[PDB]
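Note: hydrogens, waters and symmetry copies are ignored here, and every other heavy atom, side chains too, is used. Sequence lines set the chain letters: A, B, ... in the order given, protein chains first and strands last, and positions in each chain run from 1.
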Amino acid sequence: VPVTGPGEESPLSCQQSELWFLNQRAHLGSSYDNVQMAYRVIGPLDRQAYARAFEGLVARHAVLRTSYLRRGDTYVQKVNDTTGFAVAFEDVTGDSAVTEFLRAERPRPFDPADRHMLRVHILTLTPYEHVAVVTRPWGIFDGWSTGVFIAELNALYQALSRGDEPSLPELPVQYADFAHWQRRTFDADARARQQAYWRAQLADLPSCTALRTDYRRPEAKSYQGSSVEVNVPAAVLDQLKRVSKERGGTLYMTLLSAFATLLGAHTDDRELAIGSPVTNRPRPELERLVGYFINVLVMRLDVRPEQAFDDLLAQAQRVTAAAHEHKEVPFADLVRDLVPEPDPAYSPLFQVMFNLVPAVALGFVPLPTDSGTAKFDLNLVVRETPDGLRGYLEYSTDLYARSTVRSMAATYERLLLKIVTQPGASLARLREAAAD
Amino acid sequence: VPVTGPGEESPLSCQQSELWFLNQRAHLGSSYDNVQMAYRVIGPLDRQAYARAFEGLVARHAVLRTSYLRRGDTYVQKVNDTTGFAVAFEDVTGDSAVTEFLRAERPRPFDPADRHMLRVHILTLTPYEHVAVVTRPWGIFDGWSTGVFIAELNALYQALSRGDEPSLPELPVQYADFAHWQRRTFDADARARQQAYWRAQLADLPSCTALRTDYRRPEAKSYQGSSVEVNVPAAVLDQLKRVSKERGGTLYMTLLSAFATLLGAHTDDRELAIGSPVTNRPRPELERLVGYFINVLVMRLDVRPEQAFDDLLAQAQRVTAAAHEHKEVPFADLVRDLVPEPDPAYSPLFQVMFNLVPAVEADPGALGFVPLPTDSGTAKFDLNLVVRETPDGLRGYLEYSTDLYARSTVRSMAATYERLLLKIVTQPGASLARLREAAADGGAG
């Protein structure tokens with residue numbers, strides 16, 4: 001319900017506890033974590049109409065035009081009018097020039113006091129070829145919001161180029177209203193209950209995972225990394241979705257179990273802590289908004305090699321269900337409460353992350369950009385697509401070489417198929433089968 | 001003379017005003033400016049002997065073992081012992097893996113209160129090939145100190161490889177003794193005089209150059225950049241030296257004049273502010289130390305197109321001669337005095353830098369060295385020409401900000417510079433405009 005008026009300051013969210021400037025690193029830089037999205041537009045493009053489409057898209061969503069102010073010991077979010085935003089134009093010749101311009105564009109600092117958290121550039125190569133550049137800092141909005149952003153941009157441009165009136169569904173509630181609703185629902189009791197549950201669940205947990213690396217762990221993390229591509233065919237993904245249904249779980253649980261089985265071949269521990277970002281949209285009005293609804297949970301999973309993968313999958317389902325009940329407490333609070341002094345050589349409470357994002361005339365070709373960053377030792381971000389299962393494995397170059405991570409992705413691809421074919425075997429047998 | 005005892009606190013020298021923790025940037029990080037020196041050691045290397053040679057350097061050179069501790073609103077240098085230093089050994093298979101390892105290791109932080117201010121990695125590739133990574137923060141030692149460091153490393157390694165003992169010339173003084181002398185060798189008057197000279201010399205100057213760029217200038221500098229190669233034949237260098245000695249100047253003056261003439265084709269200002277780093281080692285004792293002895297001086301040149309090149313050469317001689325007499329006050333102090341509020345769009349007090357690196361001065365089973373190209377993709381200035389003298393001619397690169405320039409424009413600028421040098425060689429008394437239009441015969445790139 002609307003509980004926000006003009007000139008009123010709203011608090012933050014549980015998922016807004018790690019935007020980009022609440023996780024500052026001294027040796028890395030404030031803007032090392034910016035998110036840049038670039039597209040190539042093909043065909044006769046009404047450039048002014050496309051700029052107006054971006055203007056209207058910014059004016060439609062209030063997260064793209066919200067500021068952050070320091071009120072004593074805490075911060076508040078304020079909504080600004082779309083006045084001031086403008087799409088910048090530049091004539092660029094060649095692909096290498098575009099790449100160099102993008103590399104120069106991404107690390108430009110964003111400020112908490114910025115009126116707009118977005119930077120839009122249209123690069124004019126030819127009268128028929130253009131490049132659209134979208135840049136934001138970390139913690140602004142997630143992949144769901146990105147798909148909504150792109151779809152609404154395309155619709156509004158199509159409705160505005162040929163002099164028509166744009167027609168898009170009205171957004172029922174604002175993000176600030178959602179934060180206000182969560183504040184009054186989650187004040188002091190459920191927070192304490194979830195914190196106690198995570199304290200008891202994550203008890204007697206090692207501070208770090210004894211994962212074997214190619215290079216010695218430095219006394220301080222550099223957070224420089226790369227990524228390698230992982231691809232799963234559509235038939236294997238369909239078979240995974242089928243085998244997940246028979247066990248009463250979802251595809252995310254099966255894929256997380258596969259990731260846990262992958263990591264047991266490089267560690268001697270029996271308990272693996274795998275972080276995982278999960279969507280928290282507990283209302284019908286939130287499936288359409290643009291914003292950050294993602295929170296991080298640690299999956300404490302027993303990885304004894306002698307247990308059959310069915311038992312592992314059931315244990316993973318139970319752990320996810322128990323964590324899905326306690327997904328409201330921010331991960332930063334858990335880290336600061338359970339690790340008072342973080343060792344600068346590794347990431348707190350887990351060193352491996354798994355992510356699964358749900359499935360989402362001019363021609364559009366996305367421009368891949370490698371940020372060259374790694375917040376964890378490993379990070380799996382996989383996507384659901386009509387032609388299969390596509391994603392990347394983000395690794396740290398302090399500890400790992402490229403070849404080992406590529407082999408890890410390949411054996412993960414083999415492991416998914418081996419799980420599909422023979423789910424009745426144990427983890428040791430599964431890894432032995434996937435060794436070849 | 002040595003006036004320092006063990007475990008005694010010492011003040012900071014003038015060239016130490018720019019190490020890393022007094023020139024931090026919020027969005028760049030603490031370790032964006034780390035100087036990674038990497039080179040390939042080819043042939044049979046005694047890896048443990050090489051590590052012992054680096055340790056002997058750390059023991060010999062107290063700068064590589066000095067800590068920096070805050071005492072109030074300043075910093076002091078305390079010379080720790082040689083205990084603690086060790087060489088990290090890693091096994092790397094592949095040059096792309098080496099490049100990724102270098103990119104990851106370079107931004108690893110250094111602490112002001114560390115016991116040793118260098119990281120040495122002997123990346124093992126094959127039994128007869130190695131990569132020696134000497135990563136240090138900015139301001140630890142400079143190019144001349146880099147040459148001294150490399151020569152002493154070679155001497156120590158050649159002494160320790162076989163069953164011999166180290167035999168190196170004894171160092172009469174230490175950098176702490178140099179700092180004590182430098183703080184003694186003024187009565188609060190030299191700083192005032194040099195500050196007054198530099199504030200009077202740069203007065204009535206634009207806060208930024210009106211140079212033409214391919215792209216519009218962003219609100220904040222991204223500090224990303226690239227470079228293009230500059231190459232000059234040996235004969236052209238010899239003729240340039242002949243012209244310089246005929247006119248009563250040096251090679252640096254002629255190259256700076258040529259650089260200023262090149263920049264006139266891309267601007268409408270009648271004056272140019274060009275920054276340049278210079279060596280300050282005013283003692284025979286300091287000529288073989290390891291340390292930081294570089295200050296940055298800015299050269300102001302008039303580039304009106306109706307004047308002959310000889311007038312520009314004379315003006316360059318005058319300004320360079322006057323600059324070397326006032327090369328003690330740090331450039332950071334000049335920036336603080338003359339620039340109250342810096343603009344994040346451009347570098348302060350100058351956006352073009354010209355650098356002339358001083359020149360650097362046989363067993364069957366010796367080792368070969370190949371300096372790995374360390375292009376960090378950083379740019380502190382809009383344009384940065386860095387050249388050095390070699391027996392094969394003149395070598396260097398032209399560093400440009402990627403926020404403003406495409407590669408083709410800077411490549412055309414480099415070609416125009418190399419053509420203008422030859423035009424100057426073959427035409428002594430031409431005019432600036434005539435030289436520019438003669439050097440423009442590049443066929444539009």
Side-chain angles (χ1 to χ4, degrees), chain A residues 91 93 97, chain B residues 205-217 225-232 236 240 243 252-276 298-316 319 346-347 350-356 379 381-387 394 396-445:
Chain A
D91 280 308
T93 308
Chain B
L205 194 69
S207 53
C208 175
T209 186
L211 203 65
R212 275 89 63 93
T213 59
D214 301 307
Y215 319 122
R216 267 161 269 268
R217 188 179 288 268
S226 194
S227 65
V228 294
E229 291 182 351
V230 190
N231 276 352
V232 172
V236 190
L240 284 162
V243 175
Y252 170 85
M253 299 166 182
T254 307
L255 300 190
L256 174 77
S257 291
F259 189 52
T261 298
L262 167 65
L263 298 167
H266 311 256
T267 189
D268 271 7
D269 302 289
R270 295 172 63 87
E271 70 269 358
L272 287 172
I274 316 173
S276 196
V298 295
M299 305 302 177
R300 179 138 172 216
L301 295 178
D302 295 15
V303 286
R304 60 174 213 98
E306 292 87 3
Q307 74 182 327
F309 193 60
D310 295 342
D311 296 332
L312 188 67
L313 263 192
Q315 193 210 8
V319 299
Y346 44 85
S347 64
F350 72 97
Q351 291 78 39
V352 291
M353 171 175 279
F354 170 73
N355 212 353
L356 188 55
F381 304 104
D382 293 334
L383 288 160
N384 198 355
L385 181 62
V386 184
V387 288
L394 196 77
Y397 62 84
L398 180 51
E399 176 186 358
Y400 62 98
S401 168
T402 48
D403 302 270
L404 308 178
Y405 283 109
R407 192 152 203 90
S408 57
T409 302
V410 188
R411 264 171 304 165
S412 177
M413 296 176 68
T416 301
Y417 183 77
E418 307 157 315
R419 188 179 299 113
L420 180 77
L421 287 173
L422 185 64
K423 291 291 183 181
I424 291 160
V425 162
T426 74
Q427 296 186 11
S431 77
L432 290 191
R434 192 264 188 277
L435 276 170
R436 281 170 199 158
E437 64 88 20
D441 296 332

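Looking at B:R411, its side chain does come within 3.5 Å of a backbone N or O of B:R407 through a donor-acceptor pair. A donor-acceptor contact shorter than 3.5 Å links the side chain of B:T267 to the backbone of B:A210. Judged by distance alone, with hydrogens and angles left aside, the side-chain atoms of B:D382 form no donor-acceptor pair with the main-chain N or O of B:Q351 at under 3.5 Å. Between the B:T416 side chain and the B:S412 main chain, a donor and an acceptor come within less than 3.5 Å of each other. Of the possible donor and acceptor atoms, none in the side chain of B:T409 sits under 3.5 Å from a partner among the backbone N and O of B:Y405.
Closest approach of B:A414 to B:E229, counting heavy atoms only: CB-O, 4.3 Å. Considering every non-hydrogen atom in both B:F350 and B:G275, the closest pair reads CD1-N, 3.4 Å. Heavy atoms only, all atoms of each residue included: B:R436 and B:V303 are closest at NH2-O, 3.2 Å. The two residues B:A439 and B:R419 make their nearest non-hydrogen contact at O-NH1, 2.7 Å. Here the shortest heavy-atom pairing between B:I424 and B:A258 reads CD1-CB, 4.0 Å.
Atom-to-atom distance recorded for B:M353:CE and B:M299:CE is 10.5 Å, nearest 0.5 angstrom. One finds the CG atom of B:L356 at 10.5 Å from the OG1 atom of B:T254 (value rounded to the nearest 0.5 Å). Atom OG of residue B:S227 and atom OH of residue B:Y400 lie 7.5 Å apart, to the nearest 0.5 angstrom. Note that the OG1 atom of B:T209 and the CG atom of B:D268 stand 10.5 Å from one another [nearest 0.5 Å]. For the atom pair OG of B:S431 and CG of B:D310, the computed distance is 11.5 Å after rounding to the nearest 0.5 Å. Put simply, CD on B:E418 and CG on B:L421 are 8.0 Å apart, with the number rounded to the nearest 0.5 Å.
Counting heavy atoms from C-beta on, the side chains of B:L420 and B:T261 come closer than 4.5 Å. At least one side-chain heavy atom of B:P206 sits under 4.5 Å from a side-chain heavy atom of B:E271. Within the 4.5 Å cutoff, the side chain of B:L301 has heavy atoms near those of the B:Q315 side chain. Side-chain contact between B:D403 and B:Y215 is absent, with no heavy-atom pair separated by less than 4.5 Å. At a threshold of 4.5 Å between non-hydrogen side-chain atoms, the residues B:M413 and B:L383 count as touching. Using a 4.5 Å heavy-atom threshold, the side chains of B:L255 and B:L394 count as touching. A 4.5 Å side-chain heavy-atom check between B:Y397 and B:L385 finds every atom pair outside the cut-off. Side chains of B:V319 and B:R300 form no contact here, defined as non-hydrogen atoms less than 4.5 Å apart.
Between B:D269 and B:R304, none of the side-chain N atoms (NZ, or NE/NH1/NH2) sits under 4.0 Å from a carboxylate O, so this pair counts as no salt bridge.
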Next item on the list: Begin with the C-alpha distance, continue with both residues' side-chain angles, and end with the deciding distance and a verdict on salt bridge (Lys or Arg N to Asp or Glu O under 4.0 Å) for B:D441 and B:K423.
Entry: CA-CA 11 Å; B:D441 296 332; B:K423 291 291 183 181; 5.3 Å; no
Note to self: Run the side-chain contact (heavy atoms from CB on, under 4.5 Å) test on B:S401 and B:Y346 for me, step by step, so that the C-alpha distance in whole Å, both residues' side-chain angles and the decisive distance to 0.1 Å come before the verdict.
What the structure shows: CA-CA 10 Å; B:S401 168; B:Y346 44 85; over 6 Å; no
Note to self: Please evaluate residues B:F381 and B:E399 with respect to the criterion side-chain contact (heavy atoms from CB on, under 4.5 Å), reporting the C-alpha separation (whole Å), side-chain torsions for both, the decisive distance (0.1 Å), and the verdict.
What the structure shows: CA-CA 8 Å; B:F381 304 104; B:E399 176 186 358; over 6 Å; no
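Each of B:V298, B:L205, B:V352, B:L263 was scored for a side-chain contact (heavy atoms from CB on, under 4.5 Å) with B:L272, with one residue passing: B:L263.
A ring-centre distance under 6.0 Å is found for B:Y252 and B:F354.
Counting non-hydrogen atoms of neighbouring residues, nucleotides and ligands closer than 6.0 angstrom, the CZ atom of B:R212 exceeds 12 such neighbours.
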